[PDB]
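Taking the form deposited in one PDB entry, here's one chain by itself in structure tokens.
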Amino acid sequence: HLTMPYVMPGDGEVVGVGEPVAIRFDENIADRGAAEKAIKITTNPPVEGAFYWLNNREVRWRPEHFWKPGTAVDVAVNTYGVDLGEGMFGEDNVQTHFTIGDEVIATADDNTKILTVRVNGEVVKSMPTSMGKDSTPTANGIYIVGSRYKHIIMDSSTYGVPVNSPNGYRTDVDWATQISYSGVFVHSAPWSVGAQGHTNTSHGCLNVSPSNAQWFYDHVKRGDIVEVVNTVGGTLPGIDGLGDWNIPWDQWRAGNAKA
């Protein structure tokens, strides 16, 4: 009747200013408040933060604004012997210490069709891009950078969409940096270099040149921020998995332990 927790990011990691603390449980948490009270997060310099649940098995913690570069964060998930509701007990404790790296913010502006990467406020890269076509647009909002892949087969069936359906797809891509659980990547797109900076052609992904995609893979890390603006889409859902910052601070801080 035992549940075991997992803490992200990993111990010793350096992450971007958008990286939330994540605690996942292998079982549904009946008493969310019990899990929240068991997790102690220390920051230096100190900054206020709050817990918000993305789903019955994962809780996130983050400040009101992006992390200050250089901040050191310690997370102690002290869940051993904690009753998480309905006789579910935590099986052990876990811990992680990490640090915030430089401020890396990449803005994909659909009005300019340009993805500009700024490091500590300084424009370091400007890449023409091609985003989701009008009928499958890229949602506006703040995306947290996730995993990266040197080569992967982007397959719509991974997300329940048959490849031969209207919005299906199956294509090998290089230098893919994930920014949404829903399947939005920044990746190399040699087939759309002509359209990059002019016309949106994708199912949602941010198409860039092969060299620009390799640069993005090499220089952007998990926790860095990508902000999409001025597209014809809506806003990235706050509970996507990488869209935490699209929940306003009042709602996030209020939390949802009683939901």
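Each residue number is its position in the shown sequence, starting from 1. If you superpose the two forms and keep the largest set of C-alpha atoms that fall within 1.5 Å, you have the rigid core.
**Student:** Please compare 204-212 with 26-34 and say which has the higher mean C-alpha temperature factor in the record.
**Tutor:** Here the higher of the two C-alpha B-factor means belongs to 26-34.
**Student:** Comparing 115-123 with 85-93, which stretch shows the greater average C-alpha B-factor in the deposited entry?
**Tutor:** Result: 85-93.
**Student:** Reading the B-factor column of the entry, which of 164, 130, 71, 140 has the highest value at its C-alpha atom?
**Tutor:** Each of 164, 130, 71, 140 was compared by C-alpha B-factor; the highest is 164.
**Student:** Of 147, 180, 79, 107, which one's C-alpha B factor is largest in the deposited record?
**Tutor:** Comparing C-alpha B-factors across 147, 180, 79, 107, the top value belongs to 79.
**Student:** Just say lowest, middle or highest third for the CA B-factor of residue 187 relative to the other modelled residues in its chain.
**Tutor:** CA B-factor rank for residue 187: lowest third.
**Student:** Would the CA B-factor of residue 244 place it in the lowest, middle or highest third of its chain?
**Tutor:** Its C-alpha B-factor belongs to the lowest third of this chain's values.
**Student:** Of the three thirds of its chain by CA temperature factor, lowest, middle or highest, which one includes residue 50?
**Tutor:** Its C-alpha B-factor, which the entry lists for residue 50, ranks in the middle third among residues of this chain.
**Student:** Taking only the Cα B-factors deposited for this chain, tell me whether residue 11 sits in the lowest, middle or highest third.
**Tutor:** Tercile = highest for this residue's CA B-factor.
**Student:** Going by the recorded CA B-factors, say which third of the chain residue 195 sits in, lowest, middle or highest.
**Tutor:** CA B-factor rank for residue 195: middle third.
Missing here is the form deposited in another entry; even so, the following discussion is about that form.
**Student:** Taking only shifts of 2 Å or more in Cα after a rigid core superposition between this form and the one not shown, tell me which of 72, 114, 123, 163 qualifies.
**Tutor:** None of the others reach 2 Å, which leaves 163.
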